[PDB]
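*Asks:* One structure follows; several queries about it will come next.
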Amino acid sequence: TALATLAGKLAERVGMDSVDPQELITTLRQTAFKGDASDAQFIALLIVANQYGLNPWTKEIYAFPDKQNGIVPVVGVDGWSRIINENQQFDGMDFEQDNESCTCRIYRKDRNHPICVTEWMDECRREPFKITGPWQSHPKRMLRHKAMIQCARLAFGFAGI
Amino acid sequence: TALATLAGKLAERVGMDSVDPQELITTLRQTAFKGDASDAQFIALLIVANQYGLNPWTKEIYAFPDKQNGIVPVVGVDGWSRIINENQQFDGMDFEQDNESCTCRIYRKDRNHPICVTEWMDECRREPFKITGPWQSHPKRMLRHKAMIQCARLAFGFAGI
Amino acid sequence: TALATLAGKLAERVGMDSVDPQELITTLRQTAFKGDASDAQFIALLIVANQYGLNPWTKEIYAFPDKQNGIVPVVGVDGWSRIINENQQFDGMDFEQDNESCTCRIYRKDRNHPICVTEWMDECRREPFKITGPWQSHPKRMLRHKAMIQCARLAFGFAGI
Amino acid sequence: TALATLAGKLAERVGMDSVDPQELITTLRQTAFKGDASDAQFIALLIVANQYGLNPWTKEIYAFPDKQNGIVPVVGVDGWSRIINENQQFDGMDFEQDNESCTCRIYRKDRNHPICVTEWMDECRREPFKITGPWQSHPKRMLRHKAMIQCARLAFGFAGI
Amino acid sequence: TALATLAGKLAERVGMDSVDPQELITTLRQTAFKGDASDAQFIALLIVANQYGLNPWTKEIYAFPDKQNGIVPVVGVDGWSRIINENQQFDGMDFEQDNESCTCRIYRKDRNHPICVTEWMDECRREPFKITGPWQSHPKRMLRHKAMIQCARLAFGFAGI
DNA sequence: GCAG
DNA sequence: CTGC
DNA sequence: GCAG
DNA sequence: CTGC
DNA sequence: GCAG
DNA sequence: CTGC
DNA sequence: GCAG
DNA sequence: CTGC
DNA sequence: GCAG
DNA sequence: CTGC
């Protein structure tokens, strides 16, 4: 039942009145939950994403199905990129990199002291699946994503969201 | 049903009253979704593009059909080019390039510290399909597109859109 | 009974009216309480998390089932990251690390004297379970989490929350 | 009788109306009083914790059952960490440590003279139970907890709480 | 009779309406008076603690049953720690220690001259009972408690309480 | 990763 | 012209 | 740990 | 393409 | 002690 | 993947 | 003396 | 995992 | 003299 | 665990 009013209201938002809900629900469920996902897991992702204050369609927040029908949420690089950019006290940021590490420093206008975090590649890197992943094809970008996330967890966090 | 009122209303916007909807729907579906695409995937692209705040006809945002009838969205260089240009706090940008890297730095009026990102060609470049692509015929432009996108993800993101 | 109104109200918050509560309750219970958990233990986690002033869905606070049907609460790195960031008197922080220790110093605007704490790896590190954990794959990050928590216990604590 | 209205009111505080009180009371009793505890000992912990001005669910204050059905209260490191942090005259603190001692000095804004206390490990350390405790696995942290408590007993105490 | 209204009112202070008073009275009597104590001795401790201006539940003041049914009051280290900390004229304190003595000096804002007292271990120390006491396991702390008490008797006393 |  |  |  |  |  |  |  |  |  |  409830997924048909969600699919309908979302369609009505783009002016697409009177869709067949079943093919649309299925399409949308496989968009946010890539892979198999009970409707109970799909509606759980919608309420959890609202608790974080983040948008699932935009891929600001992911989730994957747990063993025994729970879910596991995962805030992405775009979720943290929202959180630091819609706060008025942010004052810019800078980075440093080499063959093995990345450093990221965040400044804010009210706080006198910048906050700085350093990440390390050989603990962040992942082995090839099975086969080729982004940790094989793009390593120097993939580490800089991780160092920004870890700094924004401390400089801002979820406080005020 | 709903695609015929979409095709009709869009036509009525250019003063083309009383079109035959079936040939127009087909034409329009193959414009935004290049290649085969269920109507459920086509109406999903319309609602997702509205969630990002971007226009599909203008190619600010693409999508491709997933395996098992989902979709995958892709914000293009014109989507980020909109997002940084319709924000009042943007204060210009500069670039640096060589045989192997591109750097892009974005300034904003309220933030004291510029934000700067660097991209690398030999991880961004793609192998020839099958046959000749833009990563064969235009490499020095194709990298500069990637470095602008990656910087605009951090300097602005989706915050306030 | 009471879990069905909780699951319902939470769904109504995301606009998902008239869900089947049983599959949703089960999904949600296994999200916050990973593993087996009586409904009496699940409702105990909800009231305890409110007493700390922290959110369970966001993983700011965990709990695990005790022997003889109690529970054990555990404030996480995101719980302390909230608490120091939603307080107006925080004035930034800095860190120091090596092969064996981490130091963290917290400043505040009203207090003249910074507060500083040091942690040590060979007492904080954990042995492999059974098999590979984060204390095997990520040690230099895992220690820095512990040193921030221990400092924030003294510089702020639960005073005013 | 009275425990069912306590369990009920606490549940009503998290919006969980109409719980079965018996499983909840049992769960809660085993949370605050770990181990066996008469209801008369459980309600005694609630009134004593109010006299100190501290919260039992948060583990700011513990108690254990006496021989002949009394109780013994124990203010924890988080109880003293509350008491020094919710007082306006606190002005920061500093520490010193070595192989055998810890010193802690507390400053306050109105008092001209700081107050300083020193603790010693070989009198504070405890022998292994029966088997491995925190006085085996974490000694350098476990002593620093004791030195802060002992200083805060003199610099603030219970005056004004 | 009177103990049931005391136990009741105290419970009503923590919101525990309609307790069985007999098990609660017994629990509370054995908390403040550890060991056997007539109800006449228990109500005598309550009125005497009010005359000193100190709280019995908090262990600011102890008592023990006399031979021939009197009582003996004993102000503790927390009773003196209250008395010097809730007085506005206190101006901090300092200590000196060695193998055999402890010195404590108290300053106050209105009085020009600090007051200083010295204690000695071999007269303060106690022999083992029967078996191991705090005068065996913690001697350097146990003496510093005695030197603070003796100084606070002269620098403040009960004047104005 | 989708640009020409 | 491609998507784990 | 989820990015391309 | 993965989750203790 | 619970993070990835 | 763990809790005296 | 109760912390992890 | 402990309390004279 | 009663603290842990 | 103690009180002349």
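Computed from the coordinates by the stated procedures, all read-outs in this text should not be read as laboratory data. As a convention, Cβ positions derive from the backbone with ideal geometry for all residues, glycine included, and neighbour counts pool all protein chains shown.
*Asks:* From the helices alone, meaning DSSP H stretches of at least four residues, give me the mean residue ellipticity at 222 nm for chain C, per-run term -39500 (n - 2.57), in deg cm²/dmol to the nearest 500. Walk me through the numbers on the way to the answer.
*Replies:* Values: 7 runs with 72 residues, N = 161.
Helix-only estimate at 222 nm: -13500 deg cm²/dmol.
*Asks:* While we're on this one: On each of the three principal axes of the Cα atoms of chain C, give max minus min coordinate, whole Å, ordered largest first.
*Replies:* Projected onto the principal axes, the Cα atoms of chain C cover 53, 45, 30 Å.
*Asks:* Under a point spin-label approximation (7 Å from Cα along Cα-to-Cβ), what is the A:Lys34-B:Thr27 distance to one decimal in nm?
*Replies:* Calculated label separation equals 3.6 nm.
*Asks:* If you don't mind, there's one more thing I want to ask. Do any trypsin sites (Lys or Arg not before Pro) in the stretch C:89-126 lie in a DSSP loop with no more than 15 other beta carbon atoms within 10 Å, and if so, which?
*Replies:* Working: sites: C:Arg105, C:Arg108, C:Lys109, C:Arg111, C:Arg125, C:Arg126; in loops: C:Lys109, C:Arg111, C:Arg125, C:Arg126.
Sites meeting the loop and neighbour criteria: C:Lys109, C:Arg125, C:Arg126.
*Asks:* Moving to a separate point now. Ignore the peptide's own chain and count Cβ atoms of other chains within 10 Å of each Cβ in E:143-156; give me the average, rounded.
*Replies:* Details: counts 0, 4, 3, 0, 0, 2, 0, 0, 0, 0, 0, 0, 0, 0.
Per-residue shielding by partner chains comes out at 1.
*Asks:* Moving on. For the protein assembly as shown, what percent of Cα pairs sit more than 41 Å apart? Numbers along the way, then the final one.
*Replies:* On the way: 154057 of 323610 pairs.
Summing the P(r) of the protein assembly as shown above 41 Å gives 48 percent of all pairs.
*Asks:* Starting from a label point 7 Å past Cα on the Cβ side, list the distances from A:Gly53 to the same position in the other copies, nm, shortest first.
*Replies:* The projected label point of A:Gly53 is separated from its counterparts by 1.6, 1.6, 3.2, 4.8 nm.
*Asks:* Sticking with this one: Considering only the label points, 7 Å along Cα→Cβ from Cα, what distances in nm to one decimal separate A:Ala159 from the same position in each other copy, shortest first?
*Replies:* Between copies, matching label points for A:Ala159 lie 1.6, 1.6, 3.1, 4.6 nm apart.
*Asks:* With labels modelled as points extended 7 Å from the Cα through the Cβ direction, what inter-label distance (nm, one decimal) is found for E:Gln51 paired with C:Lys9?
*Replies:* Placing both labels 7 Å beyond Cα along the Cβ direction yields 5.4 nm.
*Asks:* Right, next: Go through the stretch B:16-23 residue by residue and turn each phi into a ³J(HN,Hα) via Karplus (6.51, -1.76, 1.60, θ = phi - 60°); whole Hz please, and just put x for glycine and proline.
*Replies:* 8, 5, 6, 6, 6, x, 4, 5
*Asks:* Looking at chain B, how many pairs of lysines come closer than 20 Å at the Cα, when each pair is eight or more places apart or spans two chains? Walk me through the numbers on the way to the answer.
*Replies:* Working: B:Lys34/B:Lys59; B:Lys34/B:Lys67; B:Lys34/B:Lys130; B:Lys59/B:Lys146.
Here the count comes out as 4.
*Asks:* What list of ³J(HN,Hα) values in whole Hz, one per residue of the stretch D:73-90 in order, does the Karplus curve 6.51 cos²θ - 1.76 cosθ + 1.60 (θ = phi - 60°) give from phi, with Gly and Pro shown as x?
*Replies:* Rounded to whole hertz, the list is x, 9, 5, x, 4, 6, x, 5, 4, 4, 4, 6, 8, 8, 9, 5, 8, 4.
*Asks:* Mind listing the phi-derived Karplus ³J(HN,Hα) values for the stretch D:134-140, rounded to whole Hz, using 6.51, -1.76 and 1.60 with θ = phi - 60°, and x for any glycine or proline?
*Replies:* x, 5, 9, 8, 10, x, 5
*Asks:* Evaluate E = 1/(1 + (r/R0)^6) for C:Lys130 and A:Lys130, where r is the Cβ-Cβ distance and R0 equals 30 Å; express this FRET efficiency to the nearest 0.05.
*Replies:* Details: r = 24 Å, r/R0 = 0.80.
About 0.80, to the nearest 0.05.
*Asks:* For the stretch C:32-96, state which GluC sites (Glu not before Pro) are in a DSSP loop and have at most 16 other beta carbons lying within 10 Å of their beta carbon.
*Replies:* Values: sites: C:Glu60, C:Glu86, C:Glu96; in loops: C:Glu60, C:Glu86.
Answer in residue order: C:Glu86.
*Asks:* Could I ask something else about it? Assume the label is 7 Å from Cα along Cα to beta carbon: what separations in nm does B:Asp91 have to the matching positions in the other copies?
*Replies:* Copy-to-copy label distances at B:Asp91, shortest first: 1.3, 2.7, 4.0, 5.2 nm.
*Asks:* Counting other beta carbons within 10 Å of each Cβ, put E:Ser18, A:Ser38, D:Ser81 in order, fewest first. Spell out each step's value before the answer.
*Replies:* On the way: E:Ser18 11, A:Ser38 17, D:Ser81 22.
Fewest-to-most Cβ neighbours within 10 Å comes out as E:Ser18, A:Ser38, D:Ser81.
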